[PDB]
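Residues per chain, in single letters:
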Amino acid sequence: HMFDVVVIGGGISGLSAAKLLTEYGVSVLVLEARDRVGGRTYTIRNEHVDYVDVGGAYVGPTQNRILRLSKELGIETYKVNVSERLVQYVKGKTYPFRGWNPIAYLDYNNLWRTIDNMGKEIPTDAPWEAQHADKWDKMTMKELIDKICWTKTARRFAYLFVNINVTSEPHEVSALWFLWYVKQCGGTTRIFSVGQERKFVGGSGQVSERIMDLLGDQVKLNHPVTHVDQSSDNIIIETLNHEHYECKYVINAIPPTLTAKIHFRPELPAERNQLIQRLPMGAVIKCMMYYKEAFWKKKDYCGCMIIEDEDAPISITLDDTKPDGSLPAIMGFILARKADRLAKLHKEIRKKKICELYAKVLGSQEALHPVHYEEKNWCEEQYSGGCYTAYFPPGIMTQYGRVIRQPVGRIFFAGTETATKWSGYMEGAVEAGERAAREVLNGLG
Ligand SMILES: *[C]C1=C([C])[C]=[C@@]23C(=[C]1)N([C][C]([O])[C]([O])[C]([O])[C]OP([O])(=O)OP([O])(=O)O[C][C]1O[C](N4[C]=NC5=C4N=[C]N=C5[N])[C]([O])[C]1[O])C1=NC(=O)[N]C(=O)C1=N2C3#C[C]N([C])[C][C][C]OC1=[C][C]=C(Cl)[C]=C1Cl
């Protein structure tokens, strides 16, 4: 019942906070809505797959927080095999290699150059302060692309870059925000690696699980927080089943839209009440297709494909075979408006649709005979809102966004949507948690 801090939510962010706080001898309790920790990271384990991340999986270099943490937790990593030739799919046929129009590629990298130069103006700690904030916030990321790119290849190809990175549609997202977003990953280069990718040996879900190991029964599953009352020195916290917990500080560690569902006494300041209200989550279905053999490797196909076809389920693919070569698999995201559209469908109908995409992208009959299939659809995510992260619609960043990680009395704000480096990724979840934890620490001693 009685603790120094309560952490709302036990994804990587809430758990990171909790662990640091624990390192300093602070009494922490974690209330977590689900019957598992890990949130948007989730490793399904079953005899068909051994294990598989249906959520966040990939960590890059430069991402030292989650690397240091996982390493401490005793979790190894492995290099995602980007073995052979990448395949792009455009306008029916398919092309193997780099990106093939001159003037259009001169357009290509000019766009990524511009996006970065534009990045320079935007303070990562406060994008709302950018000299050109207003112009850029009013502006949709689609019009920006159009205003910059002279050709429709670049333009089209860019839309899909936006799709892949923020699971959303260009017309729906603030230019300011997107430009910030990329910048805060180290810019165009880093974010989307032409490209040392890694996954955790055994699942990214381990990061959370192992911290729950450290915390024991101070992590409470099936405890969705519904009220936070702050009005009297001791903070009373209520969960769905009308259990009560009291503590001296709170750390909100759940995404904006979800924070909005909690009842706050006193109310959150009007400004913030609006912000958290207006950042929608993105939309993805993550899909692992399993095959008896790694047939794509055999045709010198990497197994990673960038698909920019109108009516094709999957938009981007990666090989996902185990580090030793057992249980060959192809991981694909079906995302943004495609996710919304195909979410309706039965799992089995997606599986067939997907298989025949692969058949004709890979020109192989064996793509039609999967051995097993796993997917989580994150749109339909009650305790997540969606993946990978929250986006900013136009004008929102500057109307309310300033207040994005500011305390209210004794309530502090974590969650990857509040990081200033790799916001939206597992890395960002850590940065957030830890930052929030330290904030609480200063509010002590
Ligand atoms: C879902 C997802 C997917 C599908 C995918 C992915 C992802 C995801 N991602 C993202 C991540 O995951 C995120 O960011 C994170 O995780 C976040 O975290 P946090 O902050 O913590 O949050 P969460 O998890 O959610 O947690 C929370 C918690 O809480 C709870 N709750 C709620 N409510 C409540 C509660 N409690 C109490 N009470 C109440 N009230 C919940 O339940 C939870 O638990 C990712 N990430 C990373 O990092 N990585 C990755 O991968 C990922 N994934 C995405 C995608 C990405 N991309 C694409 C990029 C990368 C790259 O890729 C590539 C490259 C190259 C080529 Cl060629 C290809 C490709 Cl694909």
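Further up the page is the structure itself.
Residues numbered from 1 in each chain as written, not as in the entry; some residues may be left out. Heavy atoms only, no water. Residues with missing side-chain atoms left out of burial classes, pairs and counts.

Remarks on the overall build of the chain
Assigned secondary structure in the chain consists of 16 helices and 19 strands. Its C-alpha atoms give the chain principal-axis dimensions of roughly 65 × 55 × 35 Å. (Helix = DSSP H or I, 4+ residues; strand = E, 2+ residues; numbered from the N terminus.)

Some points on the site of the ligand
In the vicinity of the ligand, 41 residues are found, and the nearest of them are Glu 32, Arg 40, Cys 387, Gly 424 and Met 426. Between an oxygen atom of the ligand and a side-chain N or O atom of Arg 34, the distance comes to 3.1 Å. Taking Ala 57, its main chain carries an N or O atom lying 3.4 Å from an oxygen atom of the ligand. Mapped by element, the contributors of at least two residues to the shell around the ligand are α1 (12–23), β16 (316–319) and α16 (426–442). Per-class residue counts for the shell around the ligand are 22 nonpolar, 14 polar and five charged. Here the shell around the ligand spans two domains, and each of domain 1 (1–39 + 61–76 + 201–281 + 390–445) and domain 2 (40–60 + 77–100 + 193–200 + 282–389) adds at least three residues to it. (Near = heavy atom within 4 Å. Polar contact = N/O pair within 3.5 Å; in protein donor to acceptor, adjacent residues only side chain to side chain. Nonpolar A, V, L, I, M, F, W, Y, C, P; charged D, E, K, R; others polar. Domains from an automatic or database assignment.)

Things to note about the packing of aromatic side chains
One pass over the structure, following the stated rule, counts 13 aromatic pairs. Seen in terms of ring centroids, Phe 161 and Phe 178 are 6.2 Å apart; in terms of plane orientation they differ by 85°. Their pairing is edge-to-face. Placement of the pair is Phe 161 in helix α6 (residues 152–166) and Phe 178 in helix α7 (residues 175–183), with a sequence separation of 17 residues. Each member of the pair, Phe 161 together with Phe 178, is buried. For the pair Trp 177 and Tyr 181, a centre-to-centre distance of 5.1 Å together with 50° between the ring planes defines the contact as tilted. (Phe/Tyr/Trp six-rings, centres within 6.5 Å; stacked < 30°, edge-to-face > 60°. Buried < 20%, exposed > 50% of the residue type's maximum accessible area, 1.4 Å probe, protein only.)

Digging into the environment of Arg 113
Looking at the element boundaries, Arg 113 is found in helix α3 (residues 102–120). Sequence separation between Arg 113 and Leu 160 is 47 residues, and the spatial gap between their C-alpha atoms is 17 Å. Side chain to side chain, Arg 113 and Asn 110 meet in a polar contact 2.8 Å long.

A look at the nonpolar core
Formed by 71 residues in total, the largest nonpolar core has its most connected members in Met 141, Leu 144, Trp 177, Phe 178, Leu 275 and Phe 392. By size, the runner-up hydrophobic cluster in this structure holds 34 residues, among which are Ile 12, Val 207, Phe 412 and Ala 436. (Core = buried A, V, L, I, M, F, W, Y, C linked by side-chain atoms within 4.5 Å.)

Comments concerning the state of the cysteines
Scanning all chains against the criterion turns up one disulfide. One disulfide bridge connects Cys 302 with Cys 304, the sulfur atoms lying 2.1 Å from each other. Residues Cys 302 and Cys 304 are joined through a disulfide that is right-handed, its torsion about the S-S bond being 140°. Residue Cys 302 shares its accessibility class with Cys 304, and that shared class is buried. Not engaged in a disulfide, the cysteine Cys 287 finds its nearest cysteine sulfur in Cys 355; these two sulfurs lie 10 Å apart. Overall, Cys 287 belongs to the buried group, its relative accessible area being 2%. The buried category is assigned to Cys 355, whose relative accessible area is 5%. (Disulfide = S-S within 2.5 Å.)

Quick look at the pattern of salt bridges
Under the criterion given, the structure shown has 16 salt bridges. Here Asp 320 and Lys 199 are joined by a salt bridge, their closest N and O atoms 2.9 Å apart. Residue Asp 320 is located in the loop between β16 and β17 (329–335), and its partner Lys 199 is located in strand β8 (residues 198–200); the two are separated by 121 residues in the primary sequence. For the pair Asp 320 and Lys 199, a shared accessibility class is recorded, and that class is buried. Put simply, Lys 19, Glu 23 and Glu 72 are held in one network by salt bridges that share partners. (Salt bridge = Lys/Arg side-chain N within 4 Å of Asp/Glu carboxyl O.)

Some remarks on the pairing of strand β10 (residues 225–229)
Two strands pair when backbone bridges link them, and β10 and strand β11 (residues 235–239) are joined in this way by four bridges, in the antiparallel orientation. Looking at the pairing, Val 228 lines up with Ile 237 of β11. The antiparallel hairpin formed by β10 and β11 contains five residues in its connecting segment, where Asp 233 sits at a positive phi of about 40°. Sheet topology note: the β10/strand β13 (residues 263–265) ladder contains three bridges and is parallel. Opposite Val 228, over in β13, you have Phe 264 as the bridge partner. (Pairing = 2+ DSSP bridges.)

Some details on the environment of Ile 12
Tracing the sequence through the fold places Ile 12 in helix α1. Looking at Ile 12, the relative accessible area reads 5%, which means it is buried. Put simply, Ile 12 and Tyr 58 are 46 residues apart on the chain and 14 Å apart in space, counted from C-alpha to C-alpha.

Description of helix α14 (residues 347–362)
In this model α14 runs 22 Å from its N-terminal to its C-terminal C-alpha over 16 residues, within 8% of the 22 Å that 1.5 Å per residue would give. If you check which residues of α14 are buried, you get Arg 350, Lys 351, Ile 354, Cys 355, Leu 357, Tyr 358, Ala 359, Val 361 and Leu 362. Phi for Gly 363, located one or two positions after α14, is positive at around 50°. (Expected span 1.5 Å × (residues − 1).)

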